[PDB]
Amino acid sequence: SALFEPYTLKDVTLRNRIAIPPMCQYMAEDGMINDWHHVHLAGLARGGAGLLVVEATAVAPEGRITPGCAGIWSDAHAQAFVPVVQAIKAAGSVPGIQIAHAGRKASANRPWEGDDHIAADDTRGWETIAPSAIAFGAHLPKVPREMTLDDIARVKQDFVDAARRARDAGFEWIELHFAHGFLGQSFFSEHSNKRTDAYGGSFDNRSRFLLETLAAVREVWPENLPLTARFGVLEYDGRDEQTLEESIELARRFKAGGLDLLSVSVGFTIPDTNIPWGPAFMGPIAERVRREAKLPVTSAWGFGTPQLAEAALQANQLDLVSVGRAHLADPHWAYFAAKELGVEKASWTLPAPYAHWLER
């Protein structure tokens, strides 16, 4: 099975091609993770996936999505990850982390607590920042503050500090969150970036925040550990071909700047879109980016059956298959997939205290 072939990137070898993508848990307190995250992540790692990427972890307090988001904006925050990293490694999975800044989509309620911008008089809320003072709209109506050049310098340094902390906590894989309408994505998109300084207007200027952040992170992140990013390559906003062409050009510049793999997603920059959700719907677009930028990729949003996953790999659409919600339903999804694909000794996807009893 392609799904169960190992994958090597830089000095890191994954035991199979199943990746667990970052999935916010909304269970942290002032950015500090706790036993929710410890058990959640260690349990997933034991389930058999080759790579486990920790949820969007804010580089600064105002870059959380919600009051429940994880953070890594101080050394105390980073140290809270150390036992979890150690538990993920003990299970034989590779520990990764997504470092993030929510931009204009920050200061929101948890998804089961309204999913909307926090009310102005709620003591939990805060001012958001963005390239330009323009609201997302819909359920996120708060107008963000337009960043100064000093804000841009500060947030870049926060990404550097976050990467340094992730390194020193023992993570073996990092992902810069430049997708999903958050700060990085919003610098790239003309919908959200109306700046007329060096960080807006032209393709080079809109790209600048992302490329400078990548380069700054590259200075502290070890050259022997994968350096990756998530990026929304189209919006489904009626501008898809032009947007995909620019996104591919940016992917080429990421590769030239030391990016080892790109997680290909949708932008979610604005609400007025028509995303054609369906099984493996991102496969052809991931494949195009992989081919035209000559860069390894993963994607998600509907690959969560063993057959979809296997087919995407065999077609060389993807290098790793990210499987999210299926792992919330069943932390041992990788074992389920091994059985379904007829892998020999499928139960030994799991550790011995489970595998011995499940051998059929």
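Just count from 1 along the sequence shown to find any residue number.
**Q** Taking only the CA atoms, which stretch has the higher mean B-factor in the record, 70 to 78 or 121 to 129?
**A** Between 70 to 78 and 121 to 129, it is 121 to 129.
**Q** Mean CA temperature factor from the deposited coordinates, higher in 160 to 168 or in 278 to 286?
**A** Mean C-alpha B-factor is greater for 278 to 286.
**Q** For the C-alpha B-factor as written in the entry, point me to the maximum among 194, 208, 105, 180.
**A** Spelled out: the listed residue with the top C-alpha B-factor is 194.
**Q** Quick one: classify residue 96 as lowest, middle or highest third of the chain based on its Cα B-factor.
**A** Within its chain, residue 96 is a lowest-third residue by C-alpha B-factor, going by the deposited values.
**Q** Can you tell me whether residue 12 has a C-alpha B-factor in the lowest, middle or highest third compared with the other modelled residues of the same chain?
**A** For residue 12, the deposited C-alpha B-factor lands in the highest third.
**Q** Lowest, middle or highest third: where is residue 239 by C-alpha B factor in its chain?
**A** Answer is highest: the recorded C-alpha B-factor places it there.
**Q** Quick check on the deposited entry: does the C-alpha B-factor of residue 136 sit in the lowest, middle or highest third of its chain?
**A** Its C-alpha B-factor belongs to the highest third of this chain's values.
**Q** When the deposited Cα B-factors of this chain's modelled residues are ordered and cut into thirds, is residue 310 in the lowest, the middle or the highest one?
**A** It falls in the top third of the chain.
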